[PDB]
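S.K.: One structure is given below, represented as structure tokens, and several questions about it will come after.
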Amino acid sequence: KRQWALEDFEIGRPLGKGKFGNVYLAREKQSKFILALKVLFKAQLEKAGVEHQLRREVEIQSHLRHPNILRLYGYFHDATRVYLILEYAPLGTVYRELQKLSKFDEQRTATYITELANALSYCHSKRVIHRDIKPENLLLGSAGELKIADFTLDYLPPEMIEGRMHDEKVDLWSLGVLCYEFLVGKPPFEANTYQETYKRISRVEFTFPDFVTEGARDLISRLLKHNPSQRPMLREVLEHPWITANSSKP
Ligand SMILES: COc1ccc(Nc2nccc(-c3ccc4c(c3)CCCC(=O)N4)n2)cc1
């Protein structure tokens, strides 16, 4: 736990430009170690009321070490800005891949779902649940392995939007949503408005294009149950026949 400063880094290529600061390639001067630097504006964290949410996320994310979870090495701030020192994921976001390829084959999807489930299983056994398990938040390492990055309805389970009580089962719903989006190229409750999406999620109205195979339909259908208790354990996901037939990672 060495306290860092901007002068300890050479900043490079913008990796992502969003409304919330930006993420840059950076290199640590002394070590030459390449990483990614997320630049947040402190006045936009006060006035979005999330400074607590940041502090707690940073604390949790610094302790977590899994091959499919993007490492947070540390953080610092100056007058204006807060800096997150992150693992650099050379092959970029799953979002971008999905934009490129429009949709993923069964093998790539099943592999991604394995990697997710593994990283989630590990998460859960440290009492960490998640909300934004979505393509913008999944990155790809040098080996093309999935890495969960973490910090609009489309990925949220019924219990959450309805305002009901929720458990670790939210993340199972997310896998189903993502599994669907990976194969189809759009998430299963997508709409043109929030209000309608809300209805689609709440009534669990999804359908499958012809090309989605029977095994995939079965797994997605099992993951997208209204009743949390009826969604499978992560172990059952990893041991689904469609997953084991198609995945590449064990
Ligand atoms: C376009 O090619 C890339 C792009 C990113 C990378 N590596 C990388 N490594 C750590 C963080 C990030 C990161 C973090 C948050 C983020 C983004 C990116 C931008 C789009 C998604 C989004 O909404 N926000 N990217 C490598 C090649």
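Here's how to read the names in the structure tokens: chain A, B, ... by the order shown, residue numbers from 1 in each chain, ligand numbers from 1 in the order shown.
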May I have the residues within 8 Å of residue 159 (chain A) as a PyMOL selection string, using only C-alpha atoms and disregarding those fewer than 6 positions away in the same chain?

M.R.: chain A and resi 165-166+226

S.K.: Determine, counting only C-alpha atoms, which protein, DNA and RNA residues have an atom within 8 Å of an atom of region 149-151 of chain A; residues of the same chain fewer than 6 positions away are not included. Present the result as a list in words.

M.R.: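 Skipping anything fewer than 6 positions along the chain leaves residues 54, 57, 69, 70, 130, 132, 133, 137, 138 and 139 of chain A.
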
S.K.: Mind checking DSSP for region 17-159 of chain A and telling me the helix (DSSP H, G or I) residues as a ChimeraX atom specification?

M.R.: /A:42-46,51-63,94-101,106-124,135-137,153-155,158-159

S.K.: Which residues, written as a list in words, have at least one atom at most 8 Å from residue 68 (chain A), with only C-alpha atoms counted and residues fewer than 2 positions away on the same chain left out?

M.R.: residues 66, 70, 115, 116, 118, 119, 145, 146, 147 and 148 of chain A

S.K.: Give the residues close to ligand 1, within 8 Å, counting only C-alpha atoms and all ligand atoms; write them as a ChimeraX atom specification.

M.R.: /A:15-18,22-25,35-38,70,86-93,95-96,135-137,139-140,149

S.K.: Write out the residues from the selection above, keeping N, CA and C atoms, as a PDB file, in the first residue's frame.

M.R.:
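Printed below is part25.pdb as written:
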ATOM      1  N   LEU A  15      -8.648   4.962 -23.522  1.00  0.00           N
ATOM      2  CA  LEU A  15      -9.263   3.643 -23.727  1.00  0.00           C
ATOM      3  C   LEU A  15     -10.781   3.738 -23.839  1.00  0.00           C
ATOM      4  N   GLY A  16     -11.363   4.642 -23.057  1.00  0.00           N
ATOM      5  CA  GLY A  16     -12.776   4.900 -23.082  1.00  0.00           C
ATOM      6  C   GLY A  16     -13.104   6.327 -22.653  1.00  0.00           C
ATOM      7  N   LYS A  17     -13.829   7.039 -23.533  1.00  0.00           N
ATOM      8  CA  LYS A  17     -14.384   8.366 -23.267  1.00  0.00           C
ATOM      9  C   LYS A  17     -15.881   8.224 -22.978  1.00  0.00           C
ATOM     10  N   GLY A  18     -16.277   8.513 -21.732  1.00  0.00           N
ATOM     11  CA  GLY A  18     -17.691   8.550 -21.327  1.00  0.00           C
ATOM     12  C   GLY A  18     -18.037   9.843 -20.604  1.00  0.00           C
ATOM     13  N   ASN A  22     -12.721   9.544 -17.886  1.00  0.00           N
ATOM     14  CA  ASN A  22     -12.211   8.707 -18.950  1.00  0.00           C
ATOM     15  C   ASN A  22     -11.158   7.706 -18.412  1.00  0.00           C
ATOM     16  N   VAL A  23     -10.931   6.635 -19.168  1.00  0.00           N
ATOM     17  CA  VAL A  23      -9.982   5.618 -18.786  1.00  0.00           C
ATOM     18  C   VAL A  23      -8.817   5.681 -19.783  1.00  0.00           C
ATOM     19  N   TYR A  24      -7.589   5.738 -19.283  1.00  0.00           N
ATOM     20  CA  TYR A  24      -6.449   5.938 -20.165  1.00  0.00           C
ATOM     21  C   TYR A  24      -5.459   4.803 -19.948  1.00  0.00           C
ATOM     22  N   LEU A  25      -4.775   4.404 -21.009  1.00  0.00           N
ATOM     23  CA  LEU A  25      -3.579   3.616 -20.848  1.00  0.00           C
ATOM     24  C   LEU A  25      -2.574   4.459 -20.059  1.00  0.00           C
ATOM     25  N   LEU A  35      -0.634  -0.187 -17.185  1.00  0.00           N
ATOM     26  CA  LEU A  35      -1.910  -0.378 -16.577  1.00  0.00           C
ATOM     27  C   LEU A  35      -2.917   0.619 -17.155  1.00  0.00           C
ATOM     28  N   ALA A  36      -4.107   0.655 -16.559  1.00  0.00           N
ATOM     29  CA  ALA A  36      -5.130   1.581 -16.949  1.00  0.00           C
ATOM     30  C   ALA A  36      -5.497   2.477 -15.767  1.00  0.00           C
ATOM     31  N   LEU A  37      -5.724   3.740 -16.101  1.00  0.00           N
ATOM     32  CA  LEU A  37      -5.985   4.768 -15.130  1.00  0.00           C
ATOM     33  C   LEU A  37      -7.378   5.356 -15.399  1.00  0.00           C
ATOM     34  N   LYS A  38      -8.318   5.161 -14.469  1.00  0.00           N
ATOM     35  CA  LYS A  38      -9.647   5.746 -14.613  1.00  0.00           C
ATOM     36  C   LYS A  38      -9.636   7.066 -13.845  1.00  0.00           C
ATOM     37  N   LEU A  70     -11.050  -8.049 -12.862  1.00  0.00           N
ATOM     38  CA  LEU A  70     -10.058  -7.050 -13.153  1.00  0.00           C
ATOM     39  C   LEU A  70      -9.563  -6.458 -11.838  1.00  0.00           C
ATOM     40  N   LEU A  86      -5.903   0.510 -12.384  1.00  0.00           N
ATOM     41  CA  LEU A  86      -6.545  -0.720 -12.792  1.00  0.00           C
ATOM     42  C   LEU A  86      -5.591  -1.567 -13.646  1.00  0.00           C
ATOM     43  N   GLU A  87      -5.809  -2.885 -13.596  1.00  0.00           N
ATOM     44  CA  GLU A  87      -5.323  -3.784 -14.606  1.00  0.00           C
ATOM     45  C   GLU A  87      -5.695  -3.205 -15.974  1.00  0.00           C
ATOM     46  N   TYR A  88      -4.809  -3.391 -16.930  1.00  0.00           N
ATOM     47  CA  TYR A  88      -5.097  -3.094 -18.317  1.00  0.00           C
ATOM     48  C   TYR A  88      -5.538  -4.389 -19.013  1.00  0.00           C
ATOM     49  N   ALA A  89      -6.655  -4.333 -19.712  1.00  0.00           N
ATOM     50  CA  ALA A  89      -7.144  -5.518 -20.424  1.00  0.00           C
ATOM     51  C   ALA A  89      -6.937  -5.317 -21.915  1.00  0.00           C
ATOM     52  N   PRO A  90      -5.827  -5.823 -22.501  1.00  0.00           N
ATOM     53  CA  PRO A  90      -5.493  -5.563 -23.897  1.00  0.00           C
ATOM     54  C   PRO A  90      -6.558  -5.706 -24.983  1.00  0.00           C
ATOM     55  N   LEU A  91      -7.524  -6.613 -24.830  1.00  0.00           N
ATOM     56  CA  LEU A  91      -8.448  -6.842 -25.952  1.00  0.00           C
ATOM     57  C   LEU A  91      -9.779  -6.130 -25.758  1.00  0.00           C
ATOM     58  N   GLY A  92      -9.871  -5.243 -24.756  1.00  0.00           N
ATOM     59  CA  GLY A  92     -10.972  -4.294 -24.706  1.00  0.00           C
ATOM     60  C   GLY A  92     -12.270  -4.889 -24.144  1.00  0.00           C
ATOM     61  N   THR A  93     -13.420  -4.296 -24.474  1.00  0.00           N
ATOM     62  CA  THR A  93     -14.620  -4.649 -23.812  1.00  0.00           C
ATOM     63  C   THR A  93     -15.316  -5.764 -24.569  1.00  0.00           C
ATOM     64  N   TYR A  95     -18.503  -5.623 -24.869  1.00  0.00           N
ATOM     65  CA  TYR A  95     -19.371  -4.703 -25.626  1.00  0.00           C
ATOM     66  C   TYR A  95     -18.895  -4.506 -27.073  1.00  0.00           C
ATOM     67  N   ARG A  96     -17.633  -4.097 -27.216  1.00  0.00           N
ATOM     68  CA  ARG A  96     -17.026  -3.823 -28.529  1.00  0.00           C
ATOM     69  C   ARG A  96     -16.984  -5.077 -29.397  1.00  0.00           C
ATOM     70  N   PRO A 135     -22.015  -5.903 -20.700  1.00  0.00           N
ATOM     71  CA  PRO A 135     -20.888  -5.974 -21.616  1.00  0.00           C
ATOM     72  C   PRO A 135     -19.864  -4.820 -21.468  1.00  0.00           C
ATOM     73  N   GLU A 136     -20.355  -3.613 -21.178  1.00  0.00           N
ATOM     74  CA  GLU A 136     -19.488  -2.434 -21.029  1.00  0.00           C
ATOM     75  C   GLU A 136     -18.536  -2.625 -19.849  1.00  0.00           C
ATOM     76  N   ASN A 137     -18.934  -3.530 -18.951  1.00  0.00           N
ATOM     77  CA  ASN A 137     -18.272  -3.759 -17.665  1.00  0.00           C
ATOM     78  C   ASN A 137     -17.430  -5.042 -17.657  1.00  0.00           C
ATOM     79  N   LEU A 139     -14.328  -6.966 -19.540  1.00  0.00           N
ATOM     80  CA  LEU A 139     -13.148  -6.779 -20.358  1.00  0.00           C
ATOM     81  C   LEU A 139     -12.466  -8.108 -20.740  1.00  0.00           C
ATOM     82  N   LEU A 140     -11.485  -8.015 -21.618  1.00  0.00           N
ATOM     83  CA  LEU A 140     -10.824  -9.184 -22.189  1.00  0.00           C
ATOM     84  C   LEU A 140      -9.324  -9.030 -22.030  1.00  0.00           C
ATOM     85  N   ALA A 149     -15.055  -6.043 -14.650  1.00  0.00           N
ATOM     86  CA  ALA A 149     -14.988  -4.667 -14.190  1.00  0.00           C
ATOM     87  C   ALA A 149     -16.347  -4.273 -13.613  1.00  0.00           C
TER      88      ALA A 149
END

S.K.: Write out as an MDAnalysis selection string each polymer residue whose atoms come within 8 Å of residue 10 (chain A), counting only C-alpha atoms; drop sequence neighbours fewer than 3 positions from it.

M.R.: chainID A and resid 7 26:29

S.K.: Please save N, CA, C and O atoms of the selected residues as a PDB file, in the first residue's frame.

M.R.:
ATOM      1  N   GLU A   7       2.300  12.283 -10.988  1.00  0.00           N
ATOM      2  CA  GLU A   7       3.694  12.346 -11.448  1.00  0.00           C
ATOM      3  C   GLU A   7       4.368  10.969 -11.497  1.00  0.00           C
ATOM      4  O   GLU A   7       5.432  10.835 -12.118  1.00  0.00           O
ATOM      5  N   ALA A  26      -1.849   3.831 -19.141  1.00  0.00           N
ATOM      6  CA  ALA A  26      -0.783   4.541 -18.471  1.00  0.00           C
ATOM      7  C   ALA A  26       0.356   3.597 -18.113  1.00  0.00           C
ATOM      8  O   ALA A  26       0.177   2.388 -18.039  1.00  0.00           O
ATOM      9  N   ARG A  27       1.540   4.178 -17.922  1.00  0.00           N
ATOM     10  CA  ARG A  27       2.678   3.435 -17.582  1.00  0.00           C
ATOM     11  C   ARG A  27       3.329   4.040 -16.354  1.00  0.00           C
ATOM     12  O   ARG A  27       3.653   5.222 -16.312  1.00  0.00           O
ATOM     13  N   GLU A  28       3.575   3.179 -15.383  1.00  0.00           N
ATOM     14  CA  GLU A  28       4.244   3.587 -14.224  1.00  0.00           C
ATOM     15  C   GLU A  28       5.701   3.857 -14.546  1.00  0.00           C
ATOM     16  O   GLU A  28       6.386   2.988 -15.066  1.00  0.00           O
ATOM     17  N   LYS A  29       6.201   5.011 -14.100  1.00  0.00           N
ATOM     18  CA  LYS A  29       7.511   5.499 -14.534  1.00  0.00           C
ATOM     19  C   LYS A  29       8.648   4.612 -14.026  1.00  0.00           C
ATOM     20  O   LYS A  29       9.574   4.275 -14.760  1.00  0.00           O
TER      21      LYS A  29
END

S.K.: Measuring atom to atom with only C-alpha atoms, identify which of A:77, A:13, A:127, A:217 is nearest to residue 64 (chain A).

M.R.: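 Among A:77, A:13, A:127, A:217, it is A:127 that comes nearest to residue 64 (chain A).
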
S.K.: So, counting only C-alpha atoms, which residue among A:110, A:224, A:238, A:5 is closest to residue 76 (chain A)?

M.R.: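 That would be A:5, the residue with the smallest distance to residue 76 (chain A).
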